[PDB]
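Novice: Here's a structure for you.
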Amino acid sequence: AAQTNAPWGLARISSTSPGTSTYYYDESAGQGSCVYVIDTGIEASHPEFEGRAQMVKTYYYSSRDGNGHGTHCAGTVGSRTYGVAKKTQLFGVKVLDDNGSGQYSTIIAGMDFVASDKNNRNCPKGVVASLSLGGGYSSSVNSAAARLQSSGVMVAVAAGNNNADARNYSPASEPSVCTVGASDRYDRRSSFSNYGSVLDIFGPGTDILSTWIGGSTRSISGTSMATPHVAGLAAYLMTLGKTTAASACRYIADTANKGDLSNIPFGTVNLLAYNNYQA
Ligand SMILES: [Ca+2]
């Protein structure tokens, strides 16, 4: 399948090269997989989700995304225009209030929630979780990411936005999950991407068009926007049969565009997520 005049990041993760605007992907498109967006919530009523999205948890007084962040990230995963994995089932978990703030202990509670709940859902092709959030190093926050991953969920986490080595941030520094940095449409590291040997992979994160609340769209920027490209990609690769929840971060790295970003500091991977469909 081909989707012309696509947001640049969907074209990128289907290209070897920058500078084009079609998104090339196999039509199975994540059918039979499940992606949990653990964030401010998802405006499931957005027609771009077409009935595939459900809130299933909150730790606040409403499950609605009253911020926009969770809806943007979820759209990149799996909205019909703006998503990677256009036939995946989306499940929301609201661990952030309507300003973007979550206490750690609640974020932990969300995370163990997914390791349990996946067992209430129909996900024959595999389960992913997408965490576009974080704060300073915590062993506990990190332990809750290793548990979620260990429970057979592909876990994808934002490296962080301080232009700093990510080993000081959580859940990014955790080893066993898939820590995602960001890039721009000219294959530069985005100016705000944390870096450091704990990163596994980079994704489009600067000027990412996606869904927003009210039924609407916007372009925003962050390792948060990069993260759901890799989550959606992993859902897409499960569904096909290329990899598994426990093998997908390795698998994406093995198949990435290798050398191609500017400004990988020394010691940071220079790997860019790629679906290997067109070549
Ligand atoms: Ca890893």
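Here, A, B, ... name the chains of the structure tokens in the order displayed, residue numbers run from 1 inside each chain, and ligands are numbered from 1 in the same displayed order.
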Got a sec: who's within 9 Å of residue 252 of chain A, counting only C-alpha atoms, leaving out chain neighbours fewer than 5 positions off, as a PyMOL selection string?

Specialist: chain A and resi 200-201+230+233-234+237+243+247+272-275

Novice: Within 7 Å of ligand 1, counting only C-alpha atoms and all ligand atoms, which protein or nucleic acid residues do you find, written as a list in words?

Specialist: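 Those within range of ligand 1 are residues 175, 176, 177, 178, 200, 249 and 250 of chain A.
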
Novice: Give the strand (DSSP E or B) residues of segment 19-236 of chain A, as assigned by DSSP on the backbone, as a PyMOL selection string.

Specialist: chain A and resi 23-24+33-39+53-58+89-94+126-131+135-136+154-158+165+169-170+178-183+188-189+195+201-204+208-212+216-220

Novice: Counting only C-alpha atoms, what are the residues of segment 51-160 of chain A within 8 Å of segment 180-199 of chain A, and for each of them which pair of atoms is the nearest and at what distance in Å, to one decimal? Sort the table by chain and rising number, as CSV.

Specialist:
```
residue,atom,partner,partner_atom,distance
A:156,CA,A:180,CA,6.9
A:157,CA,A:180,CA,6.0
A:158,CA,A:180,CA,5.1
A:159,CA,A:180,CA,5.1
A:160,CA,A:194,CA,5.2
```

Novice: Identify, on the basis of only C-alpha atoms, every residue whose closest approach to segment 211-213 of chain A does not exceed 12 Å; exclude the query and any residue fewer than 3 positions from it along the same chain; express the result as a VMD selection string.

Specialist: chain A and resid 7 40 to 49 64 to 83 98 208 216 to 220 225

Novice: Report, in Å to a single decimal, how far apart atom CA of residue 261 of chain A and atom CA of residue 17 of chain A are.

Specialist: 11.0 Å

Novice: So that I can check the surroundings of segment 149-153 of chain A, please list as a list in words every protein, DNA and RNA residue that reaches within 9 Å of it, counting only C-alpha atoms and ignoring chain neighbours fewer than 6 positions away.

Specialist: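 Residues near the query, excluding close chain neighbours: residues 114, 115, 116, 118, 126, 127, 128, 129, 176, 177, 244, 245 and 246 of chain A.
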
Novice: Put those residues in a file: N, CA, C and O atoms, as a compact mmCIF listing (two decimals), in the first residue's frame.

Specialist:
```txt
# COMPACT_ATOMS: atom_id res chain seq x y z
N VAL A 114 -0.87 -2.49 32.51
CA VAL A 114 -0.85 -3.03 31.16
C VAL A 114 -0.40 -4.48 31.16
O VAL A 114 -0.92 -5.31 30.39
N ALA A 115 0.59 -4.80 31.98
CA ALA A 115 1.04 -6.19 32.07
C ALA A 115 -0.11 -7.10 32.46
O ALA A 115 -0.17 -8.25 32.00
N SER A 116 -1.02 -6.62 33.31
CA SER A 116 -2.21 -7.39 33.66
C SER A 116 -3.24 -7.36 32.54
O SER A 116 -3.74 -8.39 32.09
N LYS A 118 -3.42 -6.60 29.41
CA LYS A 118 -3.32 -7.25 28.11
C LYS A 118 -4.06 -8.57 28.11
O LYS A 118 -4.52 -9.01 27.05
N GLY A 126 0.38 -9.51 18.78
CA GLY A 126 1.33 -8.92 19.71
C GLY A 126 0.83 -7.64 20.36
O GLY A 126 -0.09 -6.97 19.88
N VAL A 127 1.55 -7.34 21.63
CA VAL A 127 1.19 -6.17 22.42
C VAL A 127 2.39 -5.23 22.49
O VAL A 127 3.54 -5.66 22.62
N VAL A 128 2.09 -3.93 22.41
CA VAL A 128 3.05 -2.84 22.50
C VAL A 128 2.55 -1.86 23.55
O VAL A 128 1.33 -1.68 23.71
N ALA A 129 3.47 -1.19 24.05
CA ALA A 129 3.15 0.00 24.83
C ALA A 129 4.06 1.15 24.42
O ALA A 129 5.26 0.96 24.24
N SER A 176 16.49 -2.73 29.25
CA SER A 176 15.75 -3.84 28.64
C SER A 176 14.59 -3.39 27.77
O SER A 176 13.98 -4.24 27.12
N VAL A 177 14.27 -2.10 27.73
CA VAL A 177 13.18 -1.61 26.90
C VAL A 177 13.78 -0.87 25.72
O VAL A 177 15.00 -0.94 25.52
N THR A 244 8.75 -10.35 17.36
CA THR A 244 7.91 -10.65 18.51
C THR A 244 8.07 -9.51 19.50
O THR A 244 8.99 -8.71 19.38
N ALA A 245 7.19 -9.46 20.50
CA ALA A 245 7.30 -8.37 21.46
C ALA A 245 8.66 -8.33 22.15
O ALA A 245 9.19 -7.25 22.40
N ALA A 246 9.24 -9.49 22.47
CA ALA A 246 10.52 -9.52 23.17
C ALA A 246 11.72 -9.32 22.25
O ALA A 246 12.80 -8.89 22.71
```
